[PDB]
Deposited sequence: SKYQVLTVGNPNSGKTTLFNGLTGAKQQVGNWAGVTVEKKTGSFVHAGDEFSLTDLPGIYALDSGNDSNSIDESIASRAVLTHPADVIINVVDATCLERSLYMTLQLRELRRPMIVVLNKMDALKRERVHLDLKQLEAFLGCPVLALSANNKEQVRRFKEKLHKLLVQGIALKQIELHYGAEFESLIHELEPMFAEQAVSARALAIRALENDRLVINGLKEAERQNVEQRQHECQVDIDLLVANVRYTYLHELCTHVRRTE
């Protein structure tokens, strides 16, 4: 079998180190289609199957129509083939890193969260309840130190097994309030029959994600910008408050000193 993998995370998560650990010398650098941003790909073989990896440039959030990397990441997460998205997270910086994790989880594409730098976490005497973390995120969570070649080889076994099983998702109970949820419900029908959850596309449209908006006909686009004006409060602040509230609750149940 040939499996397609996308790797994504904040800058300084250890993504390059993990990528190198997985692929070694079998890496290439080219360009993302349409632009001049470098595109890194790699591969490895494990137990007879091929794993084709595409790295995404490090970003802290998906595109929200503000102000190139965020646009490339949004494009790939919405439209690039992948049997699984690997979200690399710095375990010592959970509240900030898991912001993009929640945006990725809303898409409902198969994904796993890799908590990196568990060795750095141990030095701080912090313990993470990984079963609780899996419960809050609704996707598999694997923990490691990507600077450890043995843990990366074990990760390959676990990743291969998950890909063969198929990844079981429980979608996140993120509720944005009666008002915003009514706007989501209003837009969802125009985003049906797409490769990604219609709910997630409606939220991204309201967040003004350029990859979503750019594909809309003028009348669709007008309907989106109308529902944006219907929101009594600032959408970017609204969705951040909802996401960071959830993450505060997550960290209270997962993180112990």
Check: deposited residues absent from the model (no CA) fall at 68-70, 261
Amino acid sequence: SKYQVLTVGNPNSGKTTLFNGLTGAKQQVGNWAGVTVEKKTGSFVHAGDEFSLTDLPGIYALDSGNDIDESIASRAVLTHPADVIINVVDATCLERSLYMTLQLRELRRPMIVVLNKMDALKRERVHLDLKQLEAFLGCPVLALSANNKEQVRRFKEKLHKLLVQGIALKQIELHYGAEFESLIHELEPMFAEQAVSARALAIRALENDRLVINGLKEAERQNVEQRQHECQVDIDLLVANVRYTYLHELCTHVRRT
From here on, numbers count along this sequence of modelled residues.
Assert higher mean C-alpha B factor (156-164 or 180-188, deposited values) equals 180-188
Quick note on 202-210 and 215-223: per-entry mean CA temperature factor is higher in 215-223
The residue of 124, 106, 83, 90 with the maximal C-alpha B-factor according to the PDB record is 124
Based on the PDB entry, the highest CA temperature factor among the options 77, 169, 102, 115 is that of 169
Quick tally, chain-level thirds of C-alpha B-factors: residue 151 sits in the middle
Residue 66: C-alpha B-factor third of its chain, per the entry, is the highest
Tertile call for residue 42 (CA temperature factor, within chain, third-based) is the middle
Tertile call for residue 30 (CA temperature factor, within chain, third-based) is the middle
On the chain's distribution of Cα B-factors, residue 22 falls within the third called middle
